[PDB]
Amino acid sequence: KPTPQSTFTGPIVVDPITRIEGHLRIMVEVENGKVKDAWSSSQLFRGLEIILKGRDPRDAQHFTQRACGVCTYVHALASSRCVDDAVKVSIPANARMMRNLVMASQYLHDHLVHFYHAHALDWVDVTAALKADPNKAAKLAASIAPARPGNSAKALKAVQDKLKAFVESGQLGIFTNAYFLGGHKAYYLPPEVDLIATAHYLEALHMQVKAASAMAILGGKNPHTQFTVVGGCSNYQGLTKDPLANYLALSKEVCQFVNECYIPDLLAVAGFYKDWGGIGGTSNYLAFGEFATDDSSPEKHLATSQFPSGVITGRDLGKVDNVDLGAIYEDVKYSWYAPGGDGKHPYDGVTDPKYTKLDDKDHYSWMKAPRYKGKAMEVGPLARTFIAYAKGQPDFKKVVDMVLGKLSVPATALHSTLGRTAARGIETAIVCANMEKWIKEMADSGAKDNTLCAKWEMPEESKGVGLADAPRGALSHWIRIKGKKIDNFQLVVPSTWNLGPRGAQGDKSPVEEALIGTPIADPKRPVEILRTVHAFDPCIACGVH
């Protein structure tokens, strides 16, 4: 029952970090089997902020959407909110509703794929699933989740047969050199739980198609939606009866999978890995909020987000501070940018790339280091969950308490890698619980009002900010318009907050801090590093842009 841990002392580099978006190198120093220091080194620069200079502000959303295709949509949304603010247009109610529903659909697609397809292979030994008794697995499945045909012994055996045929083919494909091959002490699950999870991994590949189809009814297509414009949205058909009926039907199927498979699997895995509620914690959390009832200004977004905004520091859940947009800045001291760029508020942002060399601990990442009132901030589902729970948001109180009771852990146990993983599931369940209400609101609004884009005029000179809480956290785009063109356009993205390097004072970012104390059972197969890194759900194309 002690967490497995070697006596290894030395360096470990993991490059590539797989099962993330984008290109990350993690370096750690290990002593007596525990990580004592860490570096998060982002390995690709594209320079979208530089590319945007001089362009039409209307074009920004189309470029910035291509910051990332995993968190597709969210940058188009942040850019649209940003330019809307810069031109001082208030979007019509229907456009607020449609934009927020497309975000909801994105949360469902993204979190389902993350848990199963990115994260689960850190906890689930797929080859051990071949050793499971499918009837025992079916019985376990019936005890921990709602009755469903996909959990039958016959269904689970068919999964086992497919996997056996694949493994015995000699071409292991995506499982080649998996850390669990041949057994690994850090993998705790009974074979039956491995089999249930593996069956659901395969089902989730089909279910994510349906989640993307729902999103595309409103968004035009997925990936890379095409329904937002300055002043609102273009998709008049998305306000109408039959499309919204299909959107609801698909969303209900996806939510059934969330409630029948994702949450029960997440809780089952969490129960076996309760030690991971004591590994990977950080202390400060930031959210801009999402799902606002008033998106007429950034301040109204912060105030009216149904998943609320806020700042928590020092794990103090007794106080949530308002977000001060003027207090955000980015450092470059430990990044691959020119000296002189520390301490810049994004309206004054500078993106002047300057590479040095691999593993230069003075300059080791293409990410900037965003800071808030001098502190690093963790953003994402865990940040939203703590902020909402602290404020007594009733859905978060209900679903968090459900998890705390199931696992017999306090809210403080969520300051951890297990907690970060759990929070992603908690908020997915909450989005699901709100879909019918949000769809009905938009259906009723669209039936009585087809205003979807407001009138606006391009100012000669202005500035604006667009805020969103994307699936990975607090996202902001910041524009300076001069001569009716983009003079500066800065993105500050959730993975920038989470996985950027040290700031100007040499202070570790959230992932770097979270990695301190990681036990390493086998330095050649450092799954524990992956568990924590993956729990932040990294997107390096997002983080660097």
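Numbers for residues come from their place in the sequence shown, where the first is 1.
> Averaging the C-alpha B factors as listed in the entry, name the stretch that ends up higher: 534 to 542 or 3 to 11.
Higher of the two, by average CA B-factor, is 3 to 11.
> Pick between 231 to 239 and 158 to 166: the one whose mean CA B-factor in the entry is higher.
Taking the mean C-alpha B-factor of 231 to 239 and of 158 to 166, the larger value falls to 158 to 166.
> Per the coordinate record, which of the options 427, 290, 203, 457 holds the highest CA temperature factor?
Each of 427, 290, 203, 457 was compared by C-alpha B-factor; the highest is 457.
> Per the coordinate record, which of the options 31, 49, 59, 513 holds the highest CA temperature factor?
The listed residue with the largest C-alpha B-factor is 31.
> By its CA B factor, does residue 494 count among the lowest, middle or highest third of the modelled residues in the chain?
For residue 494, whose C-alpha B-factor we compare with every modelled residue in the chain, the answer is the lowest third.
> Going by what the PDB entry lists, where does residue 66 fall on CA B-factor within its chain: lowest, middle or highest third?
According to the entry, residue 66 has a C-alpha B-factor in the chain's lowest third.
> Lowest, middle or highest third: which one holds residue 355 when the chain's residues are ordered by CA B-factor from the entry?
Highest third.
> Name the third of the chain's ranked CA B-factors that contains residue 143, choosing lowest, middle or highest.
It falls in the top third of the chain.
> Of the three thirds of its chain by CA temperature factor, lowest, middle or highest, which one includes residue 469?
It falls in the bottom third of the chain.
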